[PDB]
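Atom set for the values below is all heavy atoms of this structure, side chains included, hydrogens, waters and symmetry mates excluded. When a ligand or atom number is given, it counts from 1 through the structure's own listing order. All chains are named by letter (A, B, ...) in the order of the sequence lines, taking the proteins before the strands, and each is independently numbered beginning at 1.
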Amino acid sequence: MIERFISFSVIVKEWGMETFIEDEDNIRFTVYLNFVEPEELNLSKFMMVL
Amino acid sequence: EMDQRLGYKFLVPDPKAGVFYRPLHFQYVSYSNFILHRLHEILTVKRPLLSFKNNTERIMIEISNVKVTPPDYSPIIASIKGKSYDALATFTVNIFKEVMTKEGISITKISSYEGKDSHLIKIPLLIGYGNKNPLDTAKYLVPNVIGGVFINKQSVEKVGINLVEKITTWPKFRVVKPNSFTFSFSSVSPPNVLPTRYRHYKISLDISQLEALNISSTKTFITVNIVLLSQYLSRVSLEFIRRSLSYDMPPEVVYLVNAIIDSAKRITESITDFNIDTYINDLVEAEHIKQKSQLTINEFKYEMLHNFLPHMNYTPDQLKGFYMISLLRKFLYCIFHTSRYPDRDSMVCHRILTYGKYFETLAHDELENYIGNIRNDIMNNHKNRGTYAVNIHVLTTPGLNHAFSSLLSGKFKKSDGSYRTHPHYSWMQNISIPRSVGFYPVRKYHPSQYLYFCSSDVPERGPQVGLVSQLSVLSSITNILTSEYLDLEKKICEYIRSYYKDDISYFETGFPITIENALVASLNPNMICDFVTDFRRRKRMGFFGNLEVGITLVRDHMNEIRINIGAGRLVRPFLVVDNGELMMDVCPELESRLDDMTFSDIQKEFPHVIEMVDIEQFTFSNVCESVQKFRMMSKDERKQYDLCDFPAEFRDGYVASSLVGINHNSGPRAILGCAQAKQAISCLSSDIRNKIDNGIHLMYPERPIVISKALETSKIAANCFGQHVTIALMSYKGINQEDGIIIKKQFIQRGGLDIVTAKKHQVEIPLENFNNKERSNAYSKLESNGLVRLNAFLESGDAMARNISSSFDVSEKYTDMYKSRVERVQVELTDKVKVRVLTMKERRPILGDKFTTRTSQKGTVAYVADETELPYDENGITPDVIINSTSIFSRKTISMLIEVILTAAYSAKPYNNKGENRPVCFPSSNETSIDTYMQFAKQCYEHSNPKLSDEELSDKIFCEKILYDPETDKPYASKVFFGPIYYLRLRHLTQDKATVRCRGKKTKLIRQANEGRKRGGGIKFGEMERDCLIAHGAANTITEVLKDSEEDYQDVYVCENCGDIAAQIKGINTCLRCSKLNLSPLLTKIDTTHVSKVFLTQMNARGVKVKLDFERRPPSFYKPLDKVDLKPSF
Amino acid sequence: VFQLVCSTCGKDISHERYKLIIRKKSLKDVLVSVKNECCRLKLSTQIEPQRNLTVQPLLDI
Ligand SMILES: [Zn+2]
Ligand SMILES: [Zn+2]
């Protein structure tokens, strides 16, 4: 779900993903991002719609 | 039980505060405020009308010398004679030009008018308590009169309800579409600004377009980004706005905040060398050019930006900017948590109009129209002629008279229920109607109506379902004058600015303080609680000169402090809880002194026991439901509560207070009981023989003795609505079924539940016809003077006054199937003759008449049994009424049983230990235990007969008896429930509903029976009945039912070529259209209804030609047929 | 204060009514000689309604 949303997004420029097992009962998905211009406006929109 | 005594103390009269009758007090003042004070302020104006040159040549209109006077006759004289009850108001008008000169002021009169001796304005006058008006300070009060009515031009009594204002006090939220929201609000000038100014703003937000977060109106303000507008008004940075908005919000809203702020910054940077003032000025100039305004740019800009927020006029711009910021904050919060923001149907954001406000608004509107018309006339006269002449006949017709007449007729803006003719069903209606509140078309029971409106008193059917509510006995509506408003506001501002000098300038992380939505300060959060507490204490001591000020602390995340002082707010008294402590319990002297003190004395001498709280403040507080539940909590639990409520019996209306123990029954029964309690017949009027009006009156009234306190203080009990009768709960020969009742003949003969119906008749006669000299059979009851005789009985064909048109009688006729006695006759002679007659008739119960109890057990008379045909007890008592017992337990009306028991107890010992008559308190919303009632009844019986066996005492307490069969004198199988109860008679009578027709008139267009019971019309055979008859298979029956009467047949011919009804010329059938074309078509006879011909002709009018053929089947012959058996082979 | 008999059983209650309304004796002393429930309720709860004088003449032109 996460990867599909990020891949086709029109407000993301560069992206990467990874997954970690925090412990026996948690999973951590990490995403590295760089947005298109304007930067902070798109950052706020992304964090709002994620 | 001290709380019950304190509640009682509020319902009794309070002479020290000028309260002589609590139930309607707030209405009287609402009118005394208008007729005495507000009218003078509205009328007394001194305004420019036109200006010339440059503010040195202007015409001025001034109004002064306003006087108001009352009539010279009592309202009873007005009712009898047929006059009207109005007060007369007169004023003087000056129109004069003024020229500004360095020497001072130049005045040149142009016109002046006066109304010293004229009906310049006629204002309807309120009758009020004791038949006493605010203008007349007489010293005689008519007892048993509470007033609350008006008398219109035609001598008709009128009564009205309260209405909810269209302008709310909280902004309205709405989801325009997915991810697209709007937020609309309004601004209005303070009371002391004539004329009042209005503004209506809307904020639009859309997730897809965050650069268009725009505030707008209609042709009165620019469309600008709200963040930049706040920057302009308050002169602060964008980062400041970000920090202010995202201070104490949940993290989900902060993302939206950041997006909005960054969008605003992007707009800012898209313009080279951005400057806020230039931005605003460019927008203003673009708007100016878009419109065709002829003002200079400076005038346009000043007008736009100076009247930005009328309610906050004469304050710096920074406070306006902060007000905008707080509105935006609430907008965002409601976007993300919609269910926690006051809904639009909530009573938290509404206010209510009383009697005075209707008249105030109408006066405002008419004065404005008057001045506008004068200005237009002067402009036209200057345009055509010269010298600026003011035409007469335009400054002598203010137009108030027509407005007030239309108001009393039932027209007020877009509402049509404000006023109506008073239907004289009950004495309690005088209370019920003035205390109603209507809402514009919402039908669900909102939680905010609880405790301030009666829960059970609402319409049960019709178009008004769920749109009319009734105040509780303890609720009221605030009034306030203009001078008092100003003084109170000034005191509040002085207190805020004096006691909190260092901590009212936060503006970034504080709580904005508003007075009537006017931001005046911003408080340090760490001090909010104290500020409220210290405030409320000062409120209760009268420190501000007013005990009804409302203070609300909103804290979810909106973080606001709201103070309300205006008029039109709902307020109730509450018990105070101060620092986890009930003040009522720490005031020992109050219990000893309560007897000799009034409500205001308690407020003055024992503050902090009771606080007057309005609805908005209530909705945000923590309130304990009862004193008993409070006393059962730990101190830590107690520390969380601000108020404590009164017993439940104070949460009902005055109508619902007629019933008993409504909380022991089902709710639908309560609704029905409230609906019918108003239709019971009572002692309607003290002027039974004087007033010429319709009505119904109870003949031998009795005062109920199982009542609540509200029924005693309102005087509903002292005016009676029934009688005490003996009832038995049993089946009688299977006759009393499906709510029918058996009634006793000797009870009816002796006067049981006997009523009198009175009716009013009125006619107008041209003088010649009245004086015309010819004895028709309709003039048997007429005296030599052409008027009906006193005390005579009129029949269904009699006339009341001679009216001959010239040698024909054209007088109106009496049209009731029963007779009536002529009680009073009044005549007025003018160009015409006006005759009014009052007739009366006594109506003992008969089959079909309708009765009920106070628990909604309604039934009609099904049989009139003789005294010797009824079961009797060992004392020889037979019941006056017999009701089937099964319905009592299938409908679950338990309280009824209890009522009977208590009534029986009252009969055994009806006096105190001092020997005084002692009613029994059984309130609606009881709260007392059944066991205690049984113990009271047991004590009563034991006092009565000290020597009773246990079985006898139990039978008496439970109201059980062995009854005997009159025919055989033998007991029945088991004991019966048998005892006295207060019984009511409703106004639905059989002879008022009977109808029959044999032959009569017809409607001209279609030639069918006419309509109207009073006009001898027929009953309508609907098409559902037609479907039913077709379901039986009876074709001939319905065919003959839908056809014209066989006695109205006639020969009609139709042309087979074009379908026209052939005319008959010189006895020859001929189709004119076809004859003109040299044709010889066949004419055939038809048998149809008249309406069919009308319909077809009208269809021919529109251009459609309808042609009919006829069947010419060849002849047929009968032939013998062989036999057939059809039985089986067995 | 108007009817002369009990509407339920038909007994005579005029003497007690005079004793109560005109001599203004205690309700207890009055009821000392009344036994039936209906009669006690009638003597305890019946009133004469409040009314104004009648405007005269009844026929006015
Ligand atoms: Zn024809
Ligand atoms: Zn009796």
Side-chain angles (χ1 to χ4, degrees), chain B residues 700 702 705 722-728 743-754 867-868 870-881 900 903-904 906-908 910 944 959 961 963 978-983 1051-1065 1068-1086 1088 1093 1096-1097 1099-1101 1103-1110, chain C residues 1-20 27 30-46:
Chain B
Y700 299 101
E702 285 189 54
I705 48 75
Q723 290 179 356
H724 287 115
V725 312
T726 301
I727 69 171
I743 189 164
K744 180 164 63 175
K745 179 188 169 184
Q746 283 64 355
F747 172 75
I748 291 166
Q749 282 180 336
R750 289 188 266 252
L753 289 174
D754 208 2
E867 192 177 48
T868 67
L870 294 170
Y872 58 93
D873 68 358
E874 62 180 16
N875 300 298
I877 308 300
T878 49
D880 301 325
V881 180
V900 176
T903 313
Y906 176 92
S907 186
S944 302
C959 291
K961 296 185 180 179
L963 301 181
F978 184 94
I981 205 182
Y982 199 73
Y983 208 57
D1051 283 324
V1052 177
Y1053 286 73
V1054 69
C1055 170
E1056 291 191 9
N1057 195 35
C1058 61
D1060 284 352
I1061 280 64
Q1064 190 160 353
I1065 291 176
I1068 287 71
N1069 303 129
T1070 302
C1071 175
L1072 310 179
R1073 184 194 307 270
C1074 290
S1075 69
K1076 232 292 183 62
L1077 299 179
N1078 309 95
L1079 296 182
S1080 58
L1082 291 174
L1083 308 181
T1084 306
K1085 257 167 63 178
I1086 57 170
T1088 60
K1093 304 174 178 70
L1096 288 186
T1097 298
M1099 272 292 156
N1100 296 332
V1104 175
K1105 171 181 179 181
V1106 183
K1107 180 188 179 301
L1108 311 177
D1109 302 73
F1110 296 89
Chain C
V1 178
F2 224 82
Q3 279 170 329
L4 296 152
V5 298
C6 180
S7 316
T8 287
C9 68
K11 271 192 166 59
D12 177 4
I13 60 179
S14 49
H15 295 262
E16 281 75 11
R17 197 181 287 293
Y18 173 94
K19 187 178 181 179
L20 182 72
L27 186 63
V30 169
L31 294 183
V32 77
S33 66
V34 182
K35 177 173 182 177
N36 281 343
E37 181 189 45
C38 46
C39 309
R40 297 167 74 84
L41 275 178
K42 295 289 150 59
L43 279 168
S44 302
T45 64
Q46 268 182 355

What is the SG(C:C39)-the Zn ion (ligand 2)-SG(C:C38) angle, to the nearest 10 degrees?
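Taking the Zn ion (ligand 2) as the apex, I get 110° for this pair.
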Show, in sequence, the C-alpha distance, side-chain angles and deciding distance for C:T45 and B:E702, and conclude whether the side chain to side chain donor-acceptor pair (under 3.5 Å) test is met.
CA-CA 5 Å; C:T45 64; B:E702 285 189 54; 2.5 Å; yes
Protein N/O/S atoms closer than 2.8 Å to the Zn ion (ligand 1)
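Under 2.8 Å from the Zn ion (ligand 1) - ignoring waters, which are not counted - the protein N, O or S atoms are B:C1055 SG, B:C1058 SG, B:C1071 SG, B:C1074 SG.
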Does a side chain donor of either B:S907 or C:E37 reach within less than 3.5 Å of an acceptor in the other side chain?
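There is no such pair between these side chains.
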Looking only at heavy atoms, which two atoms of B:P871 and B:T878 are closest? And how far apart?
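Of all heavy-atom pairs spanning B:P871 and B:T878, the closest is O-CG2, 3.4 Å.
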Answer whether the closest heavy-atom distance between the side chains of B:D1060 and B:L1072 falls below 4.5 Å.
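Heavy-atom side-chain distance check fails, nothing below 4.5 Å.
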Just wondering, do B:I877 and B:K961 contact through their side chains at under 4.5 Å, heavy atoms?
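Answer no - side chains too far apart.
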Quiz: residues 1077-1086 of chain B side-chain donor-acceptor pairs under 3.5 angstrom, not counting sequence neighbours:
from: B:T1084; atom 1: OG1; to: B:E1056; atom 2: OE2; distance (Å): 2.6
from: B:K1085; atom 1: NZ; to: B:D1051; atom 2: OD1; distance (Å): 3.2

